[PDB]
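Numbers and lists here come from the model and the stated rules, or from a named source; no laboratory instrument gave them. Cβ: placed from backbone, ideal geometry, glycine included. Neighbour counts: every protein chain shown.
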Amino acid sequence: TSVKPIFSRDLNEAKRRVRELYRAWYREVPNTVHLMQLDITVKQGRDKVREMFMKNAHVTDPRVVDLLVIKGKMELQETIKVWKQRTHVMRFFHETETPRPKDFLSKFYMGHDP
Amino acid sequence: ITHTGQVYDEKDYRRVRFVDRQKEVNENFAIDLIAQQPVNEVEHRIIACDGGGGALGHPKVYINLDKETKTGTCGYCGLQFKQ
Amino acid sequence: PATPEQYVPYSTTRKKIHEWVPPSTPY
Amino acid sequence: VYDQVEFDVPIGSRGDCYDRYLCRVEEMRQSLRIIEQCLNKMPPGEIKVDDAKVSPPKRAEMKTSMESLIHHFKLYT
Amino acid sequence: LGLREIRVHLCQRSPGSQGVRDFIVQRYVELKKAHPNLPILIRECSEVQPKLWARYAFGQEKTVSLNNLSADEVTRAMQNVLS
Amino acid sequence: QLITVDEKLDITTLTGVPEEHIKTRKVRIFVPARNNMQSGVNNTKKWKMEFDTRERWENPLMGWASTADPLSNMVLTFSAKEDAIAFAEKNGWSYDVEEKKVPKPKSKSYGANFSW
Amino acid sequence: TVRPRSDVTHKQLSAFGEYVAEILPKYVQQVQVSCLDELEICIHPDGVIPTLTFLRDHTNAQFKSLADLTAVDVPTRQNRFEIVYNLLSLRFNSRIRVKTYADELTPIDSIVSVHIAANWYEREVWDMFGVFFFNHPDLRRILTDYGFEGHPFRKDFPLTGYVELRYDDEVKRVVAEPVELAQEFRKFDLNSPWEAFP
Amino acid sequence: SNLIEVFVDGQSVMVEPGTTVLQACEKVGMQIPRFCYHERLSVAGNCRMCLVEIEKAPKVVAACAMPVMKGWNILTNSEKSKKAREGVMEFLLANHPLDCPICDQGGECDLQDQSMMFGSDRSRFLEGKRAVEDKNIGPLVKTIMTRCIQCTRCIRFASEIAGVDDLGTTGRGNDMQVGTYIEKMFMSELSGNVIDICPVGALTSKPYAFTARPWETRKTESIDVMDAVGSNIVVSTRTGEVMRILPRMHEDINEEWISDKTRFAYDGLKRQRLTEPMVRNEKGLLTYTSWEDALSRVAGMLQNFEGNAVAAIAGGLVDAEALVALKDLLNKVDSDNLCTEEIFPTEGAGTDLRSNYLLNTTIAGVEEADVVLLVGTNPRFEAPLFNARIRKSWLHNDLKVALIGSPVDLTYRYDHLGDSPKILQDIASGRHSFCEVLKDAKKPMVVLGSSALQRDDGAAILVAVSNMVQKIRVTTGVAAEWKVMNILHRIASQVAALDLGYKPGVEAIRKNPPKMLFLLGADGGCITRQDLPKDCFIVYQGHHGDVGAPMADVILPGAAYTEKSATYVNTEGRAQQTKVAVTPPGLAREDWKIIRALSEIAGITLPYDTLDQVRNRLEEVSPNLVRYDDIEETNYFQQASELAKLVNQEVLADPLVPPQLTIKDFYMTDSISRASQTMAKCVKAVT
Ligand code: SF4
Ligand code: SF4
Ligand code: FES
Ligand SMILES: [Zn+2]
């Protein structure tokens, strides 16, 4: 049914924005690692970026992709600037968190929660 | 052991806590202090029990000491009243 | 009108569960 | 009851920190004028509306009358 | 390999189930007699075309949709399974 | 303007809910039932959407009940089945709608107990 | 125990409510003076800049200051968020409420042009509820953490969030961690089941 | 259209003639403050807290007893009907003892609220209060009756729902005390409901005396598994342990009432409970060990043993989801020796057409029946909330009840046709007197309790009953959707088992002994190590260590219905869903997963890996398990009879006797009950 567009009209039109963000992030990862004295490698980080831009790679409601960009850009602003410290950026890497197993037998074997 | 049990089993690892320390346990058990009290004899069938006070004690409830078979016990003070 | 007496908490609760104790002698 | 106490708002010109400081010092002085009236004219009465549905019943009442115990229990819980 | 049971899931009131229902009223009483103790669990469908499942030797099962399949057809379909 | 789209408006990616709390979690739209202990029917009129019950365990030090289910104390309150199914679908949770159970009309008469 | 009130106000303001509804028929959906003697003009989201400009700059209704901009979230309503703008007229010593409705994915305009007070409040509404304000200079998180994911004041967000922080020696940084609370928050179902006679 | 029109403060609703003024307010939506009026209890008018003012009328009328007339406008929030409540509440409170912080119906008080909403801000009673003498009505009800507002709900329930007229009012004036004149305990099932029905906290529950306070209790809506009526219930859990189970209303199954067993056996749920997976070790002692080790003990034996050497004796409270996970596993090693402890005669269509084994007439049909011939059961102690059904329909309607069993206390006036299974043949012949009584019945029903079927001639008893239902149906010419034959169960996991395709009775395991048996919550003595192959490898899958645990090579602890989102189904096939009120204790896990996991260690992995998937599996085996709260009607009876006619069996002269002869028989009947300290206290009180 009809819906007002947030910023883009067709999913294709919007994707134009999604790519104009990917590029931005990609061209920024290198800078961050150095500026925030992060320890992860440029390649490693750039991987994360794709992962995320990829995680959201299934929605088709332009309005949603028009919205995730914005949220997305905002996250650059902060990261481009150093408004975010090392702690903030490094949180995208679950360094301490032990990744949860997924195998049923691997979960049944630990924790009553599914 | 507290008036409500709680005593840790010898094997319980929850005992390290008290090592180089000790256990806060009140020696004055109210199960016994209230038993060390004279049953309040009364003349009337029913009696009050403001908790030995007006506004400084417990809500005021009237107890039916009607059967010598049982000394009414105000649910608040645990005071037995002997008809 | 270093001290050893340090408050230490409990779980003053009477343990709220009871496990089957397995049969003492085999069958 | 501010409608019953008399005070002068300290407005200022040249909106600059100083004028704002001077205004804050005046309001302290004007508040002493309002505190002066409140001590001089405070009425005898009770301090809380006493429909027990809104403000909790008095300590003696809740310990002697059932309607007050119910109103204290419900209001606090 | 070896039929172990046959569960006939038939909607209760629909054109599709129609006839399947007939099979039961016309041959179940006999099928059960003919090849008894063949678990034949007739159960109910829910706006899902009638189907006939059938376990075999080792956890194996086969489906045959019989939506709008007529009576005689069902009859044979059952006979085909218990070949 | 007025672009047209055909989604169930899944804002699952705008919500910000960790995947595992948007994937393995079942909301249960239902109109709360009455507290048999009381006869007030004012707490059985609005549809609630509560989530699944996960581990409630014991804090080793003090014996308190601890939990790791962030969405445990969550009881969203709607006003109709339609508006609850919509929110759950909107957020990407799985639902288990339960139809309302209003008492049917039972005829009561004073004199009846005087017949013989 | 019954408020000392003036009926003059109810009437005077009611009359202004009809005035505003007559002057702006295209955007105002419902105007009502509540019994608290306050006024509420409910406008279609498109009327956010027209309705507020008329009130900021009209001789018979000057509403110069924006007291606050907030968004109640009623999850049931289709358009959940109900942005509410409270405005004050120093000239006429009266206050007005203009409230409009916005959904998760439909942004409403920004009044920063009409009142520069809103530059910050609109950022807080985005951070707290996720409503987006069109052509708003510098919209970005005012209150939440730099990396916070999720809009907190939404009724569908867990009180205590999903992440907490701690210092991990092994990594020498303040690391996040899925929330484990040592005492869940007892949720009390305190709400009587006997309704009050209206 | 006999609607008559009456105004509720103007809404002008239209109502059937004979609806009370209180009822008229309800449909508009207004609530008259009420005490002593309960929907399923007779109107008494004792409190008169419901006085309202119909319009242009001289005095206030009692909304509970006044039939609304034509065009009377009720004014429920008038200046008068509030002085008629502000002044009654003055009285109820005047003689009331202020021990609200003792009264555990603290937040569950219909008398503080109504005081706190419709009553008065203050008190004018400056005089002396009264006090009554606490008596002992049993070990389940704590009657601190100085609390009583003489609302006579208790007296009525005790006399109209439970037929036990032991309670009564004694004395007149302000010392009318509603307690048993002589101290005789109120011993009956349905007893605990008095707690829930007394709005005052005068008599409340003694086990749940002071463990909690209602605002804290988190309330999860689930299903009764203790009995096969499948009564709806709400499990009130605080900080993760169940504190009380109280009824929640289901019009058809339990309409606001639950049994004494399924309300005080929540305590049994918390002890003797299995938690860690022990494995026989050393000299034979069971030794706690990790799942991985305990599961491969079982998996290794399973791979070694072929079909018909592996068997499962399930039974009791196991859910449908575990029952399909245990069948799917043992078929993946080709043994279909899966069985249940309660023997349902399969010498017929057997488990195959649900019409066979399901109360066909629903519980709610007992209200429309005309004559019920209960044969073989003491409905009272087997399915109490169905005994109540026949209680209400014998009182408010006119059911003629007839029992072919032991003459037993049935809380109603039954006709004892006799204690002999063969007299069933007598009615089929038309020889016995009640043969005409039924002939006179336009809607008759026959009930055969599984407790009979469990005897050796149970196959013959079912066949004999089916013959009589056949000609009862022919002679009455009863309509097809009216269904005379139904059979009620007393085990929660029977109907579902039978539906999923589990074959009833351990008769098959008896003839060929399995090398390995996976008892699934079975605490029955149906087979014993003594009756098994020398190897006798057997692994208990359950929650409480009772009979199957100490004779078990492996212990795989499971959960209970308070601790899993499983499905159950009562006797007329209404599938229902238990919700997880508390996470399962210790290393204990959900029953379906233990078996999915054992299958993964075994290597014959089951297809589903999440519970929605197991629900999808259930849809394949039996499709009316995926469907909740729905009873389906396809009476495939006629063909059932044809096979019954083929079956020839002898009904032995031994009288058919229900195992639960008197109420001590009833209290302790299952693991979760036999472990109950409250049930144990109840048992000794009777003895
Ligand atoms: S009943 Fe118990 S709670 Fe209700 S009022 Fe009397 S005392 Fe207070
Ligand atoms: S006991 Fe409860 S129910 Fe029986 S009369 Fe006293 S109050 Fe009414
Ligand atoms: S409720 Fe109407 S008589 Fe007590
Ligand atoms: Zn006292």
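Residues that are more than 22 Å from the chain's Cα centre (by Cα) and more than 16 Å from ligand 1 (Cβ to nearest atom) within the range H:195-215 comprise just one, H:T211.
Annotation: of all residues in the range E:37-53 being under 14 Å from H:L353 (Cα atoms) and out of contact with any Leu (no Cβ under 6 Å at 6 or more places or on another chain), the one that is surrounded by the fewest Cβ atoms within 10 Å (Cβ to Cβ) is E:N37. Within the range H:619-637, no residue satisfies the criterion of being in a helix (DSSP H, G or I) and either within 24 Å of the chain's Cα centre (by Cα) or not assigned by CATH to the domain that holds H:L326 (or both). The set of residues from the range H:430-460 being crowded, with 21+ Cβ neighbours inside 10 Å and within 26 Å of the chain's Cα centre (by Cα) comprises H:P444, H:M445, H:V446, H:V447, H:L448, H:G449, H:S450, H:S451, H:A452, H:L453, H:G458. Out of everything in the range B:51-83 that is basic (K, R) and surrounded by fewer than 17 Cβ atoms within 10 Å (Cβ to Cβ), what residue ends up being farthest from ligand 1 (Cβ to nearest atom)? Selected residue: B:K82. Filtered by the rule that a residue be surrounded by 14 or more Cβ atoms within 10 Å (Cβ to Cβ) and within 7 Å of another protein chain (Cβ to nearest Cβ), the range A:75-95 gives A:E78, A:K84, A:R86, A:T87, A:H88, A:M90, A:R91, A:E95. Residues that are farther than 20 Å from H:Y412 by Cα and assigned to a loop (DSSP other than H, G, I, E, B) were ranked within the range H:165-177; the one that is nearest to ligand 1 (Cβ to nearest atom) is H:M176.
Within the range B:38-50, residues that are at the interface with chain H (Cβ under 10 Å from one of its Cβ atoms) and among the small types (G, A, S) sit with their Cβ atoms under 9 Å from residues that are outside any loop (DSSP other than H, G, I, E, B) and away from ligand 2 (no atom under 16 Å from the Cβ), at 6+ positions apart or across chains, in these pairs: B:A48/B:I63. Of the candidates H:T169, H:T146, H:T217, H:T152, the single residue that is out of contact with any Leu (no Cβ under 6 Å at 6 or more places or on another chain) and within 16 Å of ligand 4 (Cβ to nearest atom) is H:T146. Quickly run through the range D:26-77 and pick out the residues that are assigned to a helix (DSSP H, G or I), of a type in the set (V, I, T) and surrounded by 12 or more Cβ atoms within 10 Å (Cβ to Cβ). Answer for the range D:26-77, where residues must be assigned to a helix (DSSP H, G or I), of a type in the set (V, I, T) and surrounded by 12 or more Cβ atoms within 10 Å (Cβ to Cβ): D:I34, D:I70. In the range F:45-56, the residue that is farthest from F:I22 (Cα to Cα) out of those that are surrounded by fewer than 18 Cβ atoms within 10 Å (Cβ to Cβ) and either within 14 Å of chain C (Cβ to nearest Cβ) or under 12 Å from the mean Cα position of the chain (by Cα) (or both) is F:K46.
Here is a yes/no grid of residues against (1) within 11 Å of chain F (Cβ to nearest Cβ); (2) away from ligand 1 (no atom under 16 Å from the Cβ); (3) not hydroxyl-bearing (S, T, Y):
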site: H:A24; (1), (2), (3): no, yes, yes
site: H:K27; (1), (2), (3): yes, yes, yes
site: H:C36; (1), (2), (3): yes, no, yes
site: H:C50; (1), (2), (3): no, yes, yes
site: H:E53; (1), (2), (3): no, yes, yes
site: H:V60; (1), (2), (3): no, yes, yes
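Identify the residue in the range H:142-164 that is hydrophobic (A, V, I, L, M, F, W, C) and within 16 Å of ligand 1 (Cβ to nearest atom) and, among all such residues, is surrounded by the most Cβ atoms within 10 Å (Cβ to Cβ).
To start, the set of residues in the range H:142-164 that are hydrophobic (A, V, I, L, M, F, W, C) comprises H:144-145, H:148-149, H:151, H:154-155, H:157-158, H:161-162, H:164.
Next, from what is left, pick out any that are within 16 Å of ligand 1 (Cβ to nearest atom): H:144-145, H:148-149, H:151, H:154.
Details: H:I144: 20, H:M145: 20, H:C148: 22, H:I149: 23, H:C151: 26, H:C154: 29.
Among them, the one singled out is H:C154.
Taking the range F:9-41 as the range and being within 10 Å of chain G (Cβ to nearest Cβ), assigned to a loop (DSSP other than H, G, I, E, B) and out of contact with any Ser or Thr (no Cβ under 7 Å at 6 or more places or on another chain) as the test, the residues that pass are F:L9, F:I11, F:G16, F:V17, F:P18, F:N35, F:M37, F:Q38, F:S39, F:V41. Restricting attention to the range H:43-61, the residues being within 30 Å of H:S393 (Cα to Cα) and crowded, with 22+ Cβ neighbours inside 10 Å number 3. Could you go through the range B:33-50 and let me know if any residue there is more than 16 Å from ligand 3 (Cβ to nearest atom), aliphatic (A, V, I, L, M), surrounded by fewer than 16 Cβ atoms within 10 Å (Cβ to Cβ) and at positive phi. The answer is no, given that none of the residues of the range B:33-50 is more than 16 Å from ligand 3 (Cβ to nearest atom), aliphatic (A, V, I, L, M), surrounded by fewer than 16 Cβ atoms within 10 Å (Cβ to Cβ) and at positive phi. Only one entry in H:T211, H:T204, H:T180 is more than 16 Å from ligand 3 (Cβ to nearest atom), within 11 Å of another protein chain (Cβ to nearest Cβ), of a type in the set (S, T, Y) and assigned to a loop (DSSP other than H, G, I, E, B), namely H:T211. Filtering the range H:103-123 to residues that are more than 10 Å from chain F (Cβ to nearest Cβ) and more than 16 Å from ligand 2 (Cβ to nearest atom) leaves H:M116, H:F118, H:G119, H:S120, H:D121, H:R122, H:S123. Applying the criterion of being small (G, A, S) and in a loop (DSSP other than H, G, I, E, B) to the residues of the range H:87-120, the residue that is farthest from ligand 4 (Cβ to nearest atom) is H:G87. Looking for something charged (D, E, K, R) and under 17 Å from H:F637 (Cβ atoms) - is there at least one such residue anywhere in the range H:454-469? No, the range H:454-469 contains no residue that is charged (D, E, K, R) and under 17 Å from H:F637 (Cβ atoms). If you go through the range A:56-74 and keep only what is small (G, A, S) and surrounded by 17 or more Cβ atoms within 10 Å (Cβ to Cβ), you end up with just A:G72.
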